[PDB]
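Close look at the chain arrangement
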Amino acid sequence: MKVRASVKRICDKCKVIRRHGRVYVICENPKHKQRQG
Amino acid sequence: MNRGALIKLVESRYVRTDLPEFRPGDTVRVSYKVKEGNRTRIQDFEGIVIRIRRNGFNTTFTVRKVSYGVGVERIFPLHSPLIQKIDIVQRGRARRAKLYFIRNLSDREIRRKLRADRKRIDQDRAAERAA
Amino acid sequence: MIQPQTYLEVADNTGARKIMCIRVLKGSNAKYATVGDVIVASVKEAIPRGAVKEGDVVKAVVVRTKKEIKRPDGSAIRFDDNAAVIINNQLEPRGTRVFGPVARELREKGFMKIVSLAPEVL
Amino acid sequence: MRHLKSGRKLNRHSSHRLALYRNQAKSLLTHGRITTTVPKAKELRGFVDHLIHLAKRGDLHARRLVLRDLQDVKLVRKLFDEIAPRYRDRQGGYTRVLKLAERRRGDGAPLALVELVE
Amino acid sequence: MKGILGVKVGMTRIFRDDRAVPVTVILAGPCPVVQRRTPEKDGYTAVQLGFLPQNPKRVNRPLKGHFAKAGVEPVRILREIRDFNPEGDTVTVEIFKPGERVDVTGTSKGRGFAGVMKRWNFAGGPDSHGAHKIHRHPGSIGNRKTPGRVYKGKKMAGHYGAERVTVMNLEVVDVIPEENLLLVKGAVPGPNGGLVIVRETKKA
Amino acid sequence: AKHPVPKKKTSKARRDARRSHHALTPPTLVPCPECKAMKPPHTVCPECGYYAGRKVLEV
RNA sequence: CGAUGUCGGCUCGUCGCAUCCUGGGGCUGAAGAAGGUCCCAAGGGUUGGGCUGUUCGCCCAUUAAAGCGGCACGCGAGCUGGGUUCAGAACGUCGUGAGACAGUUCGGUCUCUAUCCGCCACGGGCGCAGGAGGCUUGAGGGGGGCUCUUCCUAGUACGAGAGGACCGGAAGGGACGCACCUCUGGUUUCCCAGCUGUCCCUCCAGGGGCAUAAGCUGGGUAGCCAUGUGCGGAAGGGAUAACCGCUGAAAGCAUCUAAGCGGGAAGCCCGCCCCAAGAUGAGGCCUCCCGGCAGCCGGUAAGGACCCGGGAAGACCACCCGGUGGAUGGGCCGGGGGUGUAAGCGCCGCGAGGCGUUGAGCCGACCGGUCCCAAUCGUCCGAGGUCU
Ligand SMILES: [Zn+2]
Ligand SMILES: [Zn+2]
C-alpha cells in the first residue's frame with residue numbers, strides 16, 4: 001500500500017476509488033495498491 | 001482467641017518430634033532427603049551447628065563444614081520432613097548461642113575453641129541404655 | 001547475588017584464578033546474579049600459561065555464592081566464597097575439571113557437565 | 001513508626017532515662033508518695049513493681065539484683081524489711097498512680113503522684 | 001460471589017509436597033449474615049456479616065434493633081460481601097476449599113506520615129559529594145514557568161498504608177473447619193488481629 | 001534555601017480567618033463528690049484532697 | 001539590566017509522535033527465518049559501565065529495544081559547582097607596557113523559617129429541611145497496563161539443503177507495582193553475656209557510673225525492613241485505527257460504501273485494584289427516638305462529646321478500642337524468645353581459674369491468664385420534625 005499525496009494510475013488496470021473519504025489506487029498489482037496520504 | 005495458640009494448633013500437625021536435641025558447637029550429620037533428577041536419595045551434611053534460631057515450629061538451625069577447603073554453611077528447617085534424621089557425631093561445648101566467629105578461624109582454632117561437653121556426652125553414654 | 005565488578009573464583013582448570021562480573025546474561029536489566037546464572041566476566045588473574053589469559057572476556061556460570069540461597073524445601077545453602085565456571089557459549093564447561101562443591105540448581109538449569117565434574121554437588 | 005514498641009523515651013537518652021528511673025525509685029521508697037510528671041510516673045510503675053517483686057522474693061540474689069539499681073544498702077534494707085513484707089500477699093500492682101488537679105505553673109506540666117499501694 | 005469475614009492471626013510456612021509453603025493463618029468464621037442486600041431493596045446483591053461478636057452491654061439501640069430485625073447475637077463488626085447470596089445463615093470456612101483461589105482485602109499497617117522514599121521509593125539524594133541537607137528529599141517537583149504549577153497526584157509524603165488493600169489470586173492452602181481457620185499462601189495485608197475480608201478471586 | 005518571604009501583607013479578614021480555630025475550649029470540670037467542689041475528672045479534688053471516695057492527698 | 005541564575009550531572013517527572021521494542025497491518029526484488037519499506041499504533045519499556053566537566057560521541061557488555069524531542073536548550077527559594085565566568089598563579093601567544101584570550105592549566109563562600117496559588121496528607125464548620133448508629137451504592141477520579149526465554153506443536157509447513165515456521169498451547173524468567181515478616185538476612189539505645197581502665201558501693205566477692213548522645217565486643221525477640229516471601233500485568237465484552245472484507249447501486253460491468261453488515265491492535269471504554277454523595281445532583285438500605293412561648297423555648301430520646309486506659313491508629317487532630325459487667329493499659333503468672341549455666345555454696349587447683357550445683361539466672365515489646373494498680377466519680381451537647 002504505497003501511501004502518498006499524488007496517487008495516480010500506473011497501469012490501465014489501476015482502478016481508482018474514493019473509499020471512505022480517501023482515494024485508493026486499487027489494481028491487480030499489489031505494488032500498485034496506493035493510499036492517498 | 002489466642003492467636004499464638006492457634007498457630008500452635010496449625011503447626012501441630014506438622015511438628016517433627018523425634019529429633020535429637022542439640023546445641024551450637026555440636027557436630028551433626030543430617031540425614032537430609034534430596035530430590036536429584038527424578039529419584040530422591042538422602043545425602044548427609046556433617047558439620048557444626050553454628051546457630052539455632054528458635055521460633056517454635058519455625059525454629060531452624062545452620063550447619064557448617066569445610067568442603068574442599070570451602071566452608072559450606074547449610075540451613076535446615078528443624079521440622080522438615082526432608083530431614084530424615086539427625087546424628088550427633090560430637091558434643092562441641094561452645095559458650096554462645098551463636099557461633100559465627102568460626103567462619104574466620106583455622107580448623108585447629110576451631111577444634112580448640114569447641115571442646116567436647118563432658119556432661120552431655122556422659123549423659124548420652126548414660127542414655128542409649130535400653131531395658 | 002553477584003553483580004558487576006564482583007570478583008569470582010574460577011573453580012576449574014582453565015588457568016584463570018579470579019574474574020570480574022561485567023554483566024549478567026539474564027534479561028537485559030537483571031540486577032543480580034546467583035547460582036546457575038550465566039554472567040559475562042573478564043579474566044583478572046590467571047595461572048601462567050593457562051587456557052585463558054587475563055583480559056579474556058568469557059561467559060561463566062555462577063556455581064557458588066557467598067550469599068545464601070533458598071530452596072523450595074525451605075533449606076538454605078551458602079558458601080564462603082563466590083565461584084564460577086568459565087564455559088563456552090553453549091553452557092559447556094570450558095575447563096575440564098571443577099574444584100570445590102557446587103549447587104544442585106546447575107542440574108536445575110541444564111549444567112549436568114558441571115554437576116558430574118563437581119567433586120561435591122549440593 | 002512506634003508499632004508495638006513499648007517504653008517511653010521521655011526525651012532523655014538511654015543512661016539518663018535509666019538513672020532517672022533509679023533516682024525516682026530511690027525517692028519513692030524513701031517517701032512512699034512522690035510527685036512527678038504523668039509520663040514519668042507511668043514509666044515508673046513497672047520499674048518499681050519489679051523491684052518490689054524482688055523484695056517479695058527476698059533472697060540474697062534478689063538483694064544483689066535490686067541492689068544493682070538502688071545501689072544503696074540501707075535503702076534496700078528498708079525495702080526488704082518493711083516494704084517487702086507488707087506486699088507479701090499482693091501479686092503485682094505494688095504502686096498506684098493518681099493524677100493531680102493543678103498542672104505545674106512553671107510550664108503547665110500535668111502533675112501526677114505515685115504511691116506505694118496501701 | 002463467595003466470601004467470608006476473617007481476622008489475620010499470623011503467618012507461618014508449612015510443608016506440603018516438600019515445600020515450606022508460607023501461609024497466613026486467618027480466623028474467618030463463623031460469619032452470620034444479618035441483612036441481605038437485595039436489588040429490590042438495595043439495588044444490588046450482597047449480604048451483611050457479623051464478626052466478631054460484641055458485648056450486649058456495649059451496643060447502641062440502633063444496632064440492637066438492627067439485630068432484632070435480624071436474629072443474630074450482637075456482634076462487633078459488620079461488613080458486606082458484594083454479590084453473595086449465601087443460602088446458609090452463617091457463612092463459615094466450609095464455603096471454601098484448599099487449593100481454591102481467593103482475593104483478600106485488608107487495611108495495610110498504617111505507617112503514619114510516611115517519608116517520600118518509603119512512600120514512593122524515590123531515590124532521594126546522595127550521601128556524600130556535597131549533598132546539602134537533602135539526603136531524602138524528592139529533588140525537583142515540577143517545571144519552570146511552563147506550566148508553573150504542580151500536577152495533581154504528584155507523589156509526596158503522606159500516610160503510606162492504613163488503607164483498604166486487596167491482594168489477589170491467593171491460594172487456599174488449607175481450611176480448618178473445627179477452628180474456622182483458613183490457610184492462604186503468601187502474605188495478607190494488615191497486622192495480626194487486624195480484620196480482613198476473604199473473597200473468591202476475580203481472576204480466571 | 002533562598003530565604004522564602006511573605007509576598008504580600010495578610011489582610012485582617014484572612015488573619016482572623018486562620019485565627020478562627022484557635023478557640024480555647026473550657027477545661028471540663030466536675031463537682032467533687034466529697035466536697036461538692038468543681039474539679040477536673042480523674043484527679044484528686046485539691047479541695048477535699050480525696051479521690052475515688054477516699055483520701056489520698058494531704059490537703 | 002531598582003536581577004528572568006546560564007552548561008553539566010543528580011531527583012522528580014509530565015507530554016508530543018516525526019515509534020527504537022513490544023501490538024496490528026500493506027507491499028516486497030516476502031520460499032521459511034531473518035529482512036526492507038510504508039501505514040495504524042504513545043499502554044508500557046527503552047540497561048550497566050569506561051573516557052571526558054561535558055551534553056554529544058566513541059567504546060565495553062548486553063538487551064526487545066538500548067527513540068527523537070518539549071516542558072525557561074524542565075527542574076539551584078530541590079542538590080551539586082565538574083565546566084563556564086570574580087579576584088590569586090602559570091603556560092603558548094599578542095602587546096613596548098599595563099594587560100588579552102575563548103587557548104590551556106591549578107584554586108576559588110551557592111543565602112535555616114513558604115504569606116498566596118499549586119501539589120501530598122489530616123482535620124475543624126456548616127451543609128446534606130427531624131435527630132441519630134451503622135451499612136453500602138457509585139457520579140466521577142486515580143493505580144495498573146510490560147517484556148523476554150524455553151518447550152510441545154514441530155524439525156512440522158516452507159525449503160536443494162541449509163535453515164526453519166504460522167497459529168495454539170505450557171513452563172521459567174527479568175524489570176516494575178502492591179502487601180507481608182512464615183523463611184534468609186539487617187537494625188534491634190540496655191534484652192542477655194563477656195572484657196579493659198577509673199572511681200565508688202564495701203575489704204573480698206559481687207555490683208554501679210563513666211568511657212557517646214550504647215566504652216568496646218559477641219548475640220538478639222518484637223517492630224521496621226529487602227536482599228526474603230506472596231500477589232499483579234488478567235481473561236473476556238464493546239466500539240474501534242491501519243488493514244482485510246461480504247452484499248451493492250450510482251455506473252448493465254465492477255466497486256469494502258454510497259444504503260447495510262463483519263472482522264480487525266500492547267491502542268480506547270469496560271472489565272481488576274483503590275478514592276469517592278461537598279455527586280450542594282449532598283444518593284440508597286437497615287435499625288433507634290419521641291412537651292411549653294416554617295418559628296420559639298425546654299429539658300430531652302436515640303445518640304454524642306468532653307474525661308480517662310490505651311492502640312501495628314497517629315505529628316496534632318483524626319480513626320479504632322476499652323470504662324467495674326472491664327482484662328484497655330501497667331503489675332504479676334505462665335508460654336514463646338533471647339542470652340547462655342546466674343549468684344552462693346561445695347570440690348579441685350599455689351593461682352589464674354575449672355567442676356557440679358545449672359540450660360542455670362535475667363529476660364523489651366511477643367502469646368494468653370489473673371482485677372493487684374487505674375480507666376474513679378461525672379458534666380455537658382443533643383429531638384417536638386419547613387411547607388405544596
Ligand atoms: Zn495497476
Ligand atoms: Zn474535694
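Chain by chain, residues are numbered from 1 following the written sequence, and this numbering need not agree with the entry; no residue without coordinates is displayed. Chains carry letters and ligands carry numbers; both start at the beginning, A for chains and 1 for ligands, and go up in the order they are written. Every figure reported here is calculated on the shown chains, themselves a piece of a larger assembly. Hydrogens and water molecules were not included; the side-chain quantities draw on all heavy atoms of the structure. Residues with missing side-chain atoms are left out of burial classes, side-chain pairs and their counts.

Per the deposited record, determination of this structure is attributed to cryo-EM, with the resolution reported as 3.5 Å.

Focus: the overall build of chain B
Counting from the N terminus, the helices are the DSSP runs of H or I reaching at least four residues and the strands are the DSSP runs of E reaching at least two. Tallying secondary structure elements over chain B gives three helices and seven strands in all. Reading chain B from its N terminus to its C terminus gives the helix and strand order α-β-β-β-β-β-β-α-β-α. The dimensions of chain B, computed from C-alpha atoms along their principal axes, are 50 × 40 × 35 Å. A separation of at least 24 residues holds for 55% of the contacts in chain B among residues at least 6 apart in sequence. Any pair of residues with heavy atoms lying within 4.5 Å of one another is described as a contacting pair.

Here we look at the packing of aromatic side chains
Residues and elements named next belong to chain B. Stacked, edge-to-face and tilted are the three classes for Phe, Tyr and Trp ring pairs, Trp counted by its six-membered ring, which pair at centre distances within 6.5 Å; planes under 30 degrees apart are stacked, over 60 edge-to-face, the rest tilted. A complete count under the given rule lists seven aromatic pairs over all chains for this structure. Through successive ring pairs, a cluster of aromatic residues spans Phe 22, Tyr 32, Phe 45, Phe 61 and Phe 76. Counting as a charge over the ring demands two things of the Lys NZ or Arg CZ atom: a distance within 6 Å of the ring centre and an angle within 35 degrees of the ring normal. Here the guanidinium or amino end of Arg 13 rests over the ring plane of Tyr 14, the centre of that ring lying 6.0 Å away. Just above the ring of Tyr 100 sits the side chain of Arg 103; from NZ or CZ to the centre is 4.1 Å.

What to know about the coordination of the zinc ion (ligand 2)
Residue and element names in this part refer to chain F. Donor atoms from the polypeptide that bind the zinc ion (ligand 2) are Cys 32 (SG), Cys 35 (SG), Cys 45 (SG), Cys 48 (N) and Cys 48 (SG), placed at 2.4 to 2.6 Å. Here the donor residues of the zinc ion (ligand 2) share one chain and are spaced in sequence as C-x2-C-x9-C-x2-C. Of the two residues, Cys 35 sits in the loop between strand 1 (30–31) and strand 2 (38–39) while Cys 45 sits in the loop between strand 2 and strand 3 (50–51), which places them ten residues apart along the sequence. Categorising residues by exposure relies on relative accessible area from a 1.4 Å probe, with only protein chains included: less than 20% of the type maximum marks a residue as buried, more than 50% marks it as exposed, and the intermediate range marks it as partly exposed. The exposure class of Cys 45 is buried, given its relative accessible area of 1%. Coordinating donors are taken as N, O and S atoms within 2.8 Å of the metal, stretched to 3.2 Å for Na, K and Ca; because water is absent from the atoms, sites can appear incomplete.

Here we look at the interface of chain C and chain B
Facing the 19 residues of chain C at the interface are 19 residues of chain B. Where the side of chain C that touches chain B is concerned, the elements lending two or more residues are strand 6 (76–78) and strand 9 (120–121) of chain C. Of the residues forming the side of chain C that touches chain B, the biggest block, three residues, is contributed by strand 6 of chain C. Residues are grouped as follows: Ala, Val, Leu, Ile, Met, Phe, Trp, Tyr, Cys and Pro are nonpolar; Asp, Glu, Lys and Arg are charged; every other residue, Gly included, is polar. Residue classes in the side of chain C that touches chain B are distributed as seven nonpolar, three polar and nine charged. For two strands to count as paired, DSSP must find a minimum of two bridges between them. As judged from the three bridges shared by strand 4 (residues 71–77) of chain B and strand 6 of chain C, these two strands associate in the antiparallel manner. For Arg74(B), the partnering residue across the bridge sits in strand 6 of chain C and is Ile77(C).

Describing the protein's contact with RNA strand G
Near residues are defined by distance, with any heavy atom within 4 Å of the molecule or strand qualifying the residue. The environment of RNA strand G is formed by 178 residues, the closest being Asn2(B), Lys119(B), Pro62(E), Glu80(E) and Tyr160(E). Of what RNA strand G places within 4 Å of the protein, 78% of the atoms are sugar or phosphate. Any pair of N or O atoms that falls within 3.5 Å is considered a polar contact. Within protein, one atom must be able to donate a hydrogen and the other to accept it, and sequence-neighbouring residues count only if both atoms are side-chain atoms. Note that a phosphate oxygen of RNA strand G is positioned 2.3 Å from one of the side-chain N or O atoms of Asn55(B). One nitrogen or oxygen atom from the main chain of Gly92(D) is found 3.3 Å from a sugar or linking oxygen belonging to RNA strand G. Considering each element in turn, the surface near RNA strand G owes the most residues, seven residues, to helix 2 (residues 38–57) of chain D. The residue makeup of the surface near RNA strand G, split by class, is 55 nonpolar, 56 polar and 67 charged.

What to know about the sheet that holds strand 5 (residues 83–90) of chain B
Across the sheet, seven strands lie side by side as 5(B)-1(B)-2(B)-3(B)-4(B)-6(C)-5(C); this open sheet has antiparallel pairing. Edge positions in the open sheet fall to strand 5 of chain B together with strand 5 (69–70) of chain C, since each of these has one partner strand only.

Re the coordination of the zinc ion (ligand 1)
Residue and element names in this part refer to chain A. Taken together, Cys 11 (SG), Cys 14 (SG), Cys 27 (SG) and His 32 (ND1) make up the protein donors of the zinc ion (ligand 1), found 2.1 to 2.4 Å from the metal. Of note is the zinc ion (ligand 1), whose four donor atoms meet at the metal with angles of 92 to 143 degrees in an arrangement that counts as irregular. Overall, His 32 belongs to the buried group, its relative accessible area being 11%. Square planar and octahedral assignments, for four and six donors respectively, both demand that opposite donors be over 155 degrees apart and that all other angles lie between 65 and 115; tetrahedral needs four donors with all angles between 85 and 135 degrees, and anything else is irregular.

Some thoughts on the pattern of salt bridges
One side chain can pair with another of opposite charge once the charged atoms of both are near each other. Residues and elements named next belong to chain D. Each salt bridge in this description consists of a side-chain nitrogen of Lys or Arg and a carboxyl oxygen of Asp or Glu lying within 4 Å of one another. Under the defined criterion, the tally for this structure stands at 44 salt bridges over all chains. A salt bridge links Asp 69 to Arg 22, with the shortest nitrogen-to-oxygen separation between them at 3.2 Å. Remark: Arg 22 occurs in helix 1 (residues 14–31) and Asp 69 occurs in helix 3 (residues 60–70); sequence separation between them is 47 residues. Exposure remark for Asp 69: the relative accessible area of 18% places this residue in the buried category.

Remarks on the pairing of strand 4 (residues 57–64) of chain C
All names here are of chain C. The buried fraction of strand 4 amounts to six of the eight residues, a majority that puts the element mostly inside the structure. Note: strand 3 (residues 38–46) against strand 4, five bridges, orientation antiparallel. Bridge pairing links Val 38 to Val 61 in strand 4. In the sheet, strand 4 pairs with strand 7 (residues 83–86) via four bridges, with the strands oriented antiparallel. Bridged to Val 62 within strand 7 is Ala 84.

Thoughts on the nonpolar core
Here, the term nonpolar core denotes a set of buried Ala, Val, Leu, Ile, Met, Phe, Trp, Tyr and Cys residues that are joined through side-chain atoms within 4.5 Å. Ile4(E), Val9(E), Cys31(E), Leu49(E), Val102(E), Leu181(E) and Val198(E) are the most contacted members of the largest nonpolar core, which has 39 residues in total. Apart from the residues within four sequence positions on either side, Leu49(E) is in contact with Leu5(E), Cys31(E), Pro32(E), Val33(E), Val34(E), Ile77(E), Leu78(E), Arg79(E), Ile81(E) and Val91(E). One finds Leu20(D), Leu54(D), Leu75(D) and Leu79(D) within the second-largest nonpolar core, a separate group that totals 29 residues.

Some thoughts on empty space enclosed by the protein
It is a probe the size of a water molecule, rolled over the atoms, that shows where empty space is left. Using a grid of 1 Å spacing that covers the protein atoms alone, one calls a set of points a cavity when a 1.4 Å probe fits there but cannot get out, and a pocket when the set is open and has protein on both sides within 12 Å along at least five of seven lines; lining residues are those with an atom within 4 Å of a point. Grid points are joined across faces, edges and corners, and a volume is the space filled by probe spheres set on the points. A volume near 40 Å³ is recorded for the largest cavity. Taken together, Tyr32(B), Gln43(B), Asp44(B), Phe45(B), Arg74(B), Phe76(B) and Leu122(C) make up the lining of the largest cavity. Sorting the residues of the lining of the largest cavity by element identifies strand 2 (41–53) and strand 4 of chain B as the ones contributing at least two each. Looking at the lining of the largest cavity element by element, the count peaks at three residues for strand 2 of chain B. Here the lining of the largest cavity is built from residues that sort into four nonpolar, one polar and two charged.

Notes on the pairing of strand 1 (residues 3–15) of chain E
Residue and element names in this part refer to chain E. Across the 13 residues that make up strand 1, a large majority, eleven, are buried. Here strand 1 runs beside strand 12 (residues 195–200); their pairing, made up of five bridges, is antiparallel. Following the sheet pairing, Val 7 is matched in strand 12 by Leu 195. With eight bridges connecting them, strand 1 and strand 2 (residues 20–27) associate as antiparallel partners. By the bridge assignment for strand 2, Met 11 is matched with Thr 24.

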